[PDB]
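In what follows, a single structure is set out as structure tokens and then discussed.
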Amino acid sequence: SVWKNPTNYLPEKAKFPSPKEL
Amino acid sequence: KXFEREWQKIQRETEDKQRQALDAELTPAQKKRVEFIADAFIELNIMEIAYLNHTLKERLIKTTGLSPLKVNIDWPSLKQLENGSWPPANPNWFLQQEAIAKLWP
Amino acid sequence: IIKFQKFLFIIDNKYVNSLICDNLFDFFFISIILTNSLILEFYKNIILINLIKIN
Amino acid sequence: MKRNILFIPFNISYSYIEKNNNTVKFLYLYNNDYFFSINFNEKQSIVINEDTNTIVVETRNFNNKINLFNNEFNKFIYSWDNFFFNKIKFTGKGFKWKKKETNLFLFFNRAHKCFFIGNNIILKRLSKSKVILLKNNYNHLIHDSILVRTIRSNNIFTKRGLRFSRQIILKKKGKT
Amino acid sequence: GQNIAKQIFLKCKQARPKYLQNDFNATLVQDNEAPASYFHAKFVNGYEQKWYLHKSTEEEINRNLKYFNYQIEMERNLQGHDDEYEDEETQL
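Residue numbers (the deposited numbering), protein chains in the order written: chain Ao, 28 to 49; chain Ak, 12 to 116; chain Am, 103 to 157; chain Ag, 1 to 176; chain AM, 93 to 184.
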């Protein structure tokens, strides 16, 4: 009903290609 | 007159200007307000519950104020209030319950 | 206007939403049940007065 | 106050540790391959965000070296499973190169040989007038990239010669 | 977390279109259902993220954007694309 900070909201975080992959 | 003095504390002490979203929940602050009202509505003789129900339909038709939450001019059902005050007034109401009283089985 | 956008909508600067009721049962509910709750106690207590005489 | 900022990449995951005594404070970075720790004095206060993988610092000690402490710390972590990159160009008539297995052959109007030989770099040609270098340390790269530059650089009169792909270029009129 | 997103929406449209893509469309929505106000974004080569804003700053966000924009160059240059600007655009 008022601003309470969330607890479990974090999205995935994009993984970049590794130099072996590239 | 001891009620007006006591009341003005509790509205102050529950002035919380945080923006809100109308939900089932309520603050502990708001509950001190509600709980003070119920303490005053319980301890009243039946001659007074009669009167309060008469006050409201003198105060609700006046409706000095606009809001989609509180009392409102654009509130639809105000016009009926002039006609009916208590369901005990309608003698038809007295038919329904005794009629329904025999329909339970 | 071509170069304005909206930022938020709130009611009396504090309420985001507003339910729409068509009915006033909520106000008088406390006023009714207190009659229908107390009047029974008379119906159950007046009897206990007469029984003292009758017994 | 200047509140310096410590970036952390996304591949990395970290933890923060303290004593019961609360007189020691340190921090632990940990990846599939590596792991790394570093402490904070009693006079450095800290703030963390998982929202951004950024950490904020205040310093009651007022040490100005921290601004260098950042760039080392920041780049030392992005040095894990990521490259640094750079690109080189040229514009001219009698200019060329040839590329053979990280051994770049330069011919820019000079009597002597001009071989460039890369120890532990990557070099891949994209066109005649363009080549990229890649390496994990930024400081070896520039020493590797600038040697190519010193053979010919931009004339201040004409943009003929070599140059980086991002740079401040100078120009001056000539022969109107 | 409101006002931080106010300013970003300006820099997406109040800013100059040369230094943006052609198909750049920024929006704004009021989502009461969210946990926190967010800045969702989508890049060229596939990347996509979200950053909630009830705790962060405008400066902590930009270094994330650099952490992407610095790499997309390393991805697109390898493809042969010149994503760079002419030298004559801004002098000192």
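All residues carry an ideal CB built from backbone N, CA and C; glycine is no exception.
For a test of the three-state rule: what should DSSP assign to residue i, helix, strand or coil?
{"i": "residue 122 of chain AM", "result": "coil"}
{"i": "residue 39 of chain Ag", "result": "strand"}
{"i": "residue 173 of chain AM", "result": "coil"}
{"i": "residue 138 of chain Am", "result": "helix"}
{"i": "residue 162 of chain AM", "result": "helix"}
{"i": "residue 86 of chain Ag", "result": "strand"}
{"i": "residue 132 of chain Ag", "result": "strand"}
{"i": "residue 31 of chain Ak", "result": "strand"}
{"i": "residue 18 of chain Ag", "result": "strand"}
{"i": "residue 115 of chain Ak", "result": "coil"}
{"i": "residue 105 of chain Ak", "result": "helix"}
{"i": "residue 27 of chain Ag", "result": "strand"}
{"i": "residue 140 of chain AM", "result": "strand"}
{"i": "residue 134 of chain AM", "result": "strand"}
{"i": "residue 101 of chain AM", "result": "helix"}
{"i": "residue 7 of chain Ag", "result": "strand"}
{"i": "residue 113 of chain Am", "result": "strand"}
{"i": "residue 163 of chain Ag", "result": "strand"}
{"i": "residue 133 of chain Am", "result": "helix"}
Name the chain AM residues whose beta carbon is nearer than 7 Å to that of residue i?
{"i": "residue 33 of chain Ao", "result": "127, 128"}
Chain Am partners of residue i, CB-CB under 9 Å?
{"i": "residue 28 of chain Ak", "result": "115, 116"}
Roughly how far, in whole angstroms, is the beta-carbon of residue i from the beta-carbon of residue j, given that I think they are within contact range, below 8 Å?
{"i": "residue 75 of chain Ag", "j": "residue 60 of chain Ag", "result": "Residue 75 of chain Ag to residue 60 of chain Ag, Cβ: 26 Å. No contact."}
{"i": "residue 146 of chain AM", "j": "residue 126 of chain AM", "result": "Rounded, the Cβ-Cβ distance is 10 Å, inconsistent with contact."}
{"i": "residue 162 of chain Ag", "j": "residue 88 of chain Ag", "result": "6 Å"}
{"i": "residue 12 of chain Ag", "j": "residue 31 of chain Ag", "result": "6 Å"}
{"i": "residue 61 of chain Ak", "j": "residue 14 of chain Ak", "result": "Actually they are not in contact, since the Cβ atoms of residue 61 of chain Ak and residue 14 of chain Ak sit about 19 Å apart, beyond 8 Å."}
{"i": "residue 135 of chain AM", "j": "residue 160 of chain AM", "result": "6 Å"}
Which bits of chain Am does residue i rub up against, with CB to CB less than 7 Å?
{"i": "residue 98 of chain AM", "result": "109"}
For a contact meaning CB atoms closer than 7 Å, what does residue i contact in chain Ak?
{"i": "residue 120 of chain Am", "result": "33, 79, 80"}
Name the chain Ag residues that come within less than 9 Å of residue i, Cβ to Cβ?
{"i": "residue 46 of chain Ao", "result": "81, 82, 83, 122, 134, 136"}
Could you list which residues in chain Am have their beta carbon closer than 8 Å to that of residue i, in chain order?
{"i": "residue 120 of chain AM", "result": "107, 108, 109"}
Please list the partners that residue i has in chain Ag, where partner means a Cβ-to-Cβ separation under 8 Å.
{"i": "residue 110 of chain AM", "result": "Per Cβ cutoff of 8 Å: no residues; residue 110 of chain AM is ~17 Å from chain Ag at best."}
{"i": "residue 179 of chain AM", "result": "159, 169"}
Which chain AM residues sit within Cβ distance under 8 Å of residue i?
{"i": "residue 166 of chain Ag", "result": "176"}
{"i": "residue 90 of chain Ag", "result": "Those within 8 Å of residue 90 of chain Ag in chain AM number zero; the least Cβ separation is about 15 Å."}
Could you tell me which chain Ag residues have their CB closer than 7 Å to the CB of residue i, listed as they occur along the chain?
{"i": "residue 147 of chain AM", "result": "49, 51"}
Give the interface partners of residue i over in chain Ao, defined as CB-CB distance under 8 Å, in chain order.
{"i": "residue 11 of chain Ag", "result": "42, 43"}
Please compile the residues from chain Ao whose C-beta is within a distance smaller than 9 Å of the C-beta of residue i.
{"i": "residue 94 of chain AM", "result": "The premise fails here: residue 94 of chain AM is roughly 11 Å from chain Ao at the closest Cβ pair, so nothing lies under 9 Å."}
Subject >> the segment 160-173 of chain AM / the segment 93-110 of chain AM touching (three or more Cβ pairs under 8 Å) >> reply: No, the segment 160-173 of chain AM is not in contact with the segment 93-110 of chain AM.
Original post:
Would you call the segment 50-60 of chain Ag and the segment 136-145 of chain Am in contact, with 3 or more CB pairs under 8 Å?
Top reply: no
Original post:
Is the number of C-beta pairs between the segment 124-132 of chain Am and the segment 149-157 of chain Am that are closer than 8 Å three or more?
Top reply: no
**OP:** Decide yes or no for the touch test of the segment 43-53 of chain Ak against the segment 18-35 of chain Ak: beta carbon pairs closer than 8 Å, at least 3 of them.
**Re:** yes
Original post:
Taking the runs of the alpha helix (DSSP H) that are 4 residues or longer, which of them lie wholly in the segment 96-157 of chain Ag?
Top reply: Restricted to the segment 96-157 of chain Ag, the alpha helix (DSSP H) segments that are unbroken, complete and at least 4 residues in length are 138-149, listed in chain order.
Original post:
Can you list the beta strand (DSSP E) stretches of 3 or more residues lying completely in the segment 37-73 of chain Ag, in chain order?
Top reply: 44-49, 54-59
**OP:** Mind the definition here: the segment 25-45 of chain Ak touches the segment 64-75 of chain Ak only if three or more C-beta pairs lie below 8 Å; say whether that holds.
**Re:** no
Original post:
Are the segment 3-10 of chain Ag and the segment 138-156 of chain AM in contact at 8 Å, needing three or more beta carbon pairs?
Top reply: yes
Original post:
How do the segment 61-69 of chain Ag and the segment 120-128 of chain Ag stand: do at least 3 beta-carbon pairs fall below 8 Å, yes or no?
Top reply: no
**OP:** Assess, as a yes-or-no matter, whether the segment 113-124 of chain Am is touched by the segment 22-36 of chain Ak under the definition of 3 or more beta carbon pairs within less than 8 Å.
**Re:** Under the 8 Å Cβ criterion, the segment 22-36 of chain Ak counts as touching the segment 113-124 of chain Am, having at least three qualifying pairs.
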